[PDB]
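In: give the three-dimensional model of this entry:
(one chain, ligands or ions: 1)
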Amino acid sequence: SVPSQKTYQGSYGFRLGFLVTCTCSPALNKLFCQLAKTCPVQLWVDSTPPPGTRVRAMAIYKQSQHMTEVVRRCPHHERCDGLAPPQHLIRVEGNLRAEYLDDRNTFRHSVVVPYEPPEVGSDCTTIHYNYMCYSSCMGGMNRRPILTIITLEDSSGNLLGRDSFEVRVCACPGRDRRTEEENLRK
Ligand SMILES: [Zn+2]
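Out: Numbering: from 1, shown residues only. Provided below are the atomic coordinates:
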């Protein structure tokens with residue numbers, strides 16, 4: 001079954017926040033980012049989850065007619081850090097404990113890091129993601145919009161919380177955000 005995108009704050013009050021290489025549109029719930037550049041995603045909790053809590057990131061297609069298709073890199077960007085497998089769209093930057101996972105039954109990719117409390121000077125835990133293929137790449141996303149689903153999980157993989165956002169990976173994020181926002185006003 002297609003991974004759920006249902007927002008679920010859960011017992012710890014889990015939700016995301018956001019912070020031109022990367023720009024977020026709250027009105028569109030959409031992140032616009034350049035290829036392979038830092039995308040800061042903030043984790044907010046009302047209380048601290050138990051030891052061994054994990055944070056998983058996974059991409060799915062937004063449109064229902066493409067939801068059962070695995071999101072992966074196009075051949076050009078696949079065939080081009082030594083930790084992320086070449087097929088994975090999403091990689092984590094600056095984390096010594098990233099796990100790159102392929103689901104045995106769905107073939108979907110994800111990247112998991114341990115949950116850490118907020119870094120000094122912050123009320124939220126910031127994770128730096130990189131997207132390794134453009135929304136427009138033929139043989140990959142092929143202009144189809146995607147969602148990133150962030151799941152807070154216990155050490156066994158049980159769901160503690162879930163949030164999600166749309167992503168466009170593009171060369172001019174600031175300009176594309178304005179275009180899509182101008183389209184929503186019209
Ligand atoms: Zn590509």
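In: tell me the buried residues in stretch 139-154?
Out: By neighbour count with 16 or more other CB atoms under 10 Å, stretch 139-154 contains the buried residues 140-141, 146-153. Where you see a C-beta, it was placed from the backbone N, CA and C, and this is true even at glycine.
In: now, these that are in strands?
Out: 146-153 (DSSP state E).
In: what separation is there between the residue nearest the centre of the chain and the ion?
Out: Centroid-nearest residue in the chain, with CA atoms, centre = their mean: residue 148, separated by 3.7 Å. Counting by CB to the ion, to the nearest Å, the gap from residue 148 to the ion is 17 Å.
In: partner residues bridging that residue?
Out: Per DSSP bridges, the residues bridged to residue 148 are residue 59, residue 165.
In: dump the residue contacts of it.
Out: 31, 41, 57-59, 90, 129, 164-167 (CB atoms under 8 Å, 6 or more residues apart in numbering).
In: and what of residue 51?
Out: residue 155 are the contacts of residue 51 under CB under 8 Å, 6+ apart.
In: which stretch of helix or strand covers it?
Out: Secondary structure assignment for residue 51, by DSSP states H and E: no helix or strand.
In: quick one: the helices in this structure?
Out: 75-78, 173-185 (DSSP state H).
In: of all those helices, which one comes closest to the ion?
Out: Closest approach to the ion among those is made by helix 75-78 (3.5 Å; CB to the ion).
In: is the closest one anywhere near the ion?
Out: Yes: using CB under 5 Å from the ion, we find that helix 75-78 touches the ion at residue 77.
In: before we move on, the earlier item: which of the helices of the chain sits most buried?
Out: helix 75-78 (a mean of 16; mean count of other CB atoms under 10 Å).
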